[PDB]
Structure formats: C-alpha cells, structure tokens
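Contents: one structure, followed by commentary.
Values quoted throughout were computed directly from the atomic coordinates according to the rules given, and no laboratory measurement underlies them. Cβ coordinates were reconstructed from backbone atoms using ideal geometry, including for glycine residues, and neighbour counts include every protein chain displayed.
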Amino acid sequence: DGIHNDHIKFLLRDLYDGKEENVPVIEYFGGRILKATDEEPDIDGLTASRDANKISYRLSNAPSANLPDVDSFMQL
C-alpha cells in the first residue's frame, strides 16, 4: 500500500499540481477503450440504425457467408 501511495502522491504532485480534481474518473477500473473518431459501423452483413429510444443492429439473412467477429460484434 505504502509503496503504491507514495507513487500516486509522487505522481500527483508531479503531473497534477497536487490537484486531486485533475484526476480522471471511471465507473470501474477495467480495460482501456479504443476511442473512435469515426463512430460509424463499417461492417459486412451488419446494418446499424438508431433513434434516441433504440439502437438497431441487424445481421444479414443472406444465405451467403459474411459476418463480423464474435469479438467485433460484442464491442458494438
């Protein structure tokens, strides 16, 4: 603990001005996010739509074989 806190304190004083307010905050400390400058779904077989009520994701019903990841699909 001590060795972690001397680090946050070292780190605060060094890049935050002692200002605890200058420290970003998140919901839960997990993975990082890849911020999109686009934010537009350029994916095959997938169509994307949205109101302020509902975001619609529909995968193609084409017999043909093309679809996004199981990974990409769970990012979105």
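Quick notes
- Given the chain, longest segment not containing exposed loop chymotrypsin sites (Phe, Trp or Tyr not before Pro) (DSSP; at most 10 other Cβ within 10 Å): 30-76
- Charge dipole of the chain about the Cα centre (unit charges at C-beta), most positive-ward option of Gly30, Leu46, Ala62: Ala62
- Sorted by Cβ density within 10 Å, fewest first, the residues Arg58, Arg32: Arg32, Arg58
- In the distance distribution for the stretch 18-57, Cα-Cα pairs more than 15 Å apart total 68 percent.
- Segment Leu11-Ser72, length gained on full extension (0.36 nm per residue, minus Cα span): 18.4 nm
- Taking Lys and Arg as +1 and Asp and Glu as -1, the other residues whose beta-carbon sits under 13 Å from that of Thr47 total -1.
- Cβ-defined net charge surrounding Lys19, 15 Å radius [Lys, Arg +1; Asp, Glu -1]: -2
- Mean projection of the Cα convex hull over all viewing directions, computed for the chain: 8.8 nm².
- Only the Cβ atoms of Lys and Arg (+1) and of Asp and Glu (-1) were treated as charged; on that basis the dipole of the stretch 1-69 about its Cα centre amounts to roughly 180 debye.
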